[PDB]
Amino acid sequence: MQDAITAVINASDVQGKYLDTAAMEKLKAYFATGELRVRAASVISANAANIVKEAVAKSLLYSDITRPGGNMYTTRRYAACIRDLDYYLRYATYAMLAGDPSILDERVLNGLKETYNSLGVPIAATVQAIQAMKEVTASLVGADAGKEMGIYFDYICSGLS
């Protein structure tokens, strides 16, 4: 896995150069933003389960895709969709701490689109569900970290199309 820092060094190591001038700053930038990341992370860890509840209610519940025939209909299906949303928040949050989308593309987005088109899971709806987590999350962690949580949230989305 890579983080903002390991990311910086790897790119400088491919060229053989010692830590560059611009490189030294990326490391600083990251270091300067460190706390707020850890701070935000703690918050979304405390609400993690509610930050899913609300999202579901705002986008997935009381609609065609829960009644008989909707691909979450079924006491097994419902639990499986929350299970996924739970994943998306736990990984979004890591990516945020790491200051790089590396885990997402590594242990998330690989072939996800496939199995989905494959099982019938509705892409458009799962994206709306997570898009809803952005709002709900941006409300408790703040605008600063929310914009930071947002980008990785939108990353998980673009990685399904």
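So that there is no doubt, residue numbering starts at 1 and follows the sequence shown.
For the two regions 56-64 and 30-38, the entry's Cα B-factors average higher over 56-64. Higher average CA B factor: 104-112, of the stretches 119-127 and 104-112.
Ranked against the other modelled residues of its chain, the C-alpha B-factor of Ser158 as given in the entry falls in the middle third. For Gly16, the recorded CA B-factor ranks within the middle third of the chain. Only modelled residues enter the ranking. Sorting the modelled residues of the chain by their CA temperature factor places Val43 in the highest third. When the CA B factors of the chain's modelled residues are split into thirds, the value for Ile51 lands in the highest one. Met24: CA B factor lies in the middle third for its chain, per the PDB record.
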